[PDB]
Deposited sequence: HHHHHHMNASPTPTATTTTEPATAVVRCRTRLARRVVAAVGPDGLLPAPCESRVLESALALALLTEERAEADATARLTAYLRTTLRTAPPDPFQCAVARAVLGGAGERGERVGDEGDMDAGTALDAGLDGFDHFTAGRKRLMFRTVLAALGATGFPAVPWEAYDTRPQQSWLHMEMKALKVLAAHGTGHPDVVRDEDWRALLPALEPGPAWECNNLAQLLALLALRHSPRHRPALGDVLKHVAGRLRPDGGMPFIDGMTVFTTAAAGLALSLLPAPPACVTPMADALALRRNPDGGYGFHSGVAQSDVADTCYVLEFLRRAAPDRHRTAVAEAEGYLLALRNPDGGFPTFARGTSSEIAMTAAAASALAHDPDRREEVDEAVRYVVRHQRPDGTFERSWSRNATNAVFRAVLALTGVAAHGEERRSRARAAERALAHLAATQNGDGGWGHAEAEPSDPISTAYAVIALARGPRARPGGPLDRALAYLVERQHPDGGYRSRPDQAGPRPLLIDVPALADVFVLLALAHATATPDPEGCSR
């Protein structure tokens, strides 16, 4: 058949082969400068784990020299070697790189429902109180929020950044120091082969769900979709949603929508109860304006999450009203140039693809059909207007192409007119065909972020999102 189908086939064989007998597609996260620097600071201050500290030091020097990250992480590494604004500023101040923000202490107090950020901001509050010479300020409720960092094993919620900041704070407390020695051993044991510390253990639930969805959209889905569906469903949280990796108790809308989209196609009867519980999870999060947040009702609706939930819920015709109110929300928030707004993915094409799928997957007629079609047309026009000469898209309009940003654009354009020779979708597919490696895979600059906007590199996601685009486009 076509070069595109042959590319899709080779990629699908590779993705299937990567799924293990437990039904999971492993998705480890690469070492990151920020966490590697914090781990170095912590172990050095505690005069612990000499072998690990030297490996961390070598990792940071190599990475600064060969693949330097964004300027904030660079400044963090240089500090140790020799609200978001408040967080990042206080991190640099704790490492001696700048002054502590002259803010009321309440500036560090956040809603506990945002469990990871809450721990990070409490740890940073303690670091600022001690760093400015006001340790008496710290309240017992501040320390109490940090207690999960003293538990042995992997980090609480698989989050190495939160545990490291918490431990940097806790080492100032005589009452908590008996527990420090054993956790430092666990922290030191996490170093990757390159000597670095990753942000998180991985994103295997997110990645397995997106891969299952891609495989479920092929003409003949492989048999492995069933154990993949099984492996996801048995990991559901009590609220019916899904976190991004095994052992993540905080559910989120992005992960839950990929699981729900996959289960609806590959196991709607076998996992009927998990499907219903995921729909229930989403509906319980829905905001009065018709949008959906990432984690917690009462926080701002987000365009990409609202579009993802619209498409995920659209399968049930009984949810038509909530789905229409979500699509109406997407239309209302489209920007004057046809785009939407970034969040968990750092490229512009991510929210475009989610919006276009919501705008075209829910069947509409009459005035609302025209309104949705016009919005989808402007978004696809934005893609055509910003397409690079090589057929791909980058993270932003002037950036060089990358496969993941291009994959998102392809998913959207597959909802436009039929591909034609030399047209935008045709050229994008040709770009993806050309970027396929001998081993059948893709290598891409990463697009996930956390804490936004700092990039997270989960290399398993490149193959998975390219396969999802090729499954949509063929």
Would you list the gaps, meaning deposited-sequence stretches without C-alpha coordinates, in the order they occur?
1-21, 104-137, 530-539
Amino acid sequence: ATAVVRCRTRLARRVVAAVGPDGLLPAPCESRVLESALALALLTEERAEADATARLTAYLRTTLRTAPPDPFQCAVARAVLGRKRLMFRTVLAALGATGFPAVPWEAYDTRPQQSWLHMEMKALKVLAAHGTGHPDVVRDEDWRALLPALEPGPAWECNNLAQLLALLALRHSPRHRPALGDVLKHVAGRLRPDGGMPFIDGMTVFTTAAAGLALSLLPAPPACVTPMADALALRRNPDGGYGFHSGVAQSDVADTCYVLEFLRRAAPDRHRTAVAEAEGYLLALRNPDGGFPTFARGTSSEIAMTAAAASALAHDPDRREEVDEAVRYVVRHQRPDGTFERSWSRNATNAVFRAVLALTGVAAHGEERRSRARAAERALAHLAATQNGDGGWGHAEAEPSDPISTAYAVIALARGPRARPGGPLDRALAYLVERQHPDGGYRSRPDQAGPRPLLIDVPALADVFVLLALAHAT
From here on, numbers count along this sequence of modelled residues.
For the C-alpha atoms alone, is the average B factor greater in 226-234 or in 192-200, going by the entry?
192-200
When the Cα temperature factors in the entry are averaged, is it 50-58 or 405-413 that ends up higher?
50-58
In this PDB entry, which of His245, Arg297, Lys122, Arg378 has the top CA B-factor?
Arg297
Residue, from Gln387, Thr208, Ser216, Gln114, that the PDB entry assigns the highest Cα B-factor
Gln114
Taking the entry's C-alpha B-factors for this chain, is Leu38 in the lowest, middle or highest third?
lowest
Position of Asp426 among the chain's modelled residues by C-alpha B-factor, lowest, middle or highest third:
middle
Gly338: CA temperature factor from the record, placed by chain third, in the middle
Report the third (lowest, middle or highest) to which the CA temperature factor of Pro221 belongs, ranking only the modelled residues of the same chain.
middle
Ranked by Cα temperature factor within the chain, is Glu261 in the lowest third, the middle third or the highest third?
lowest
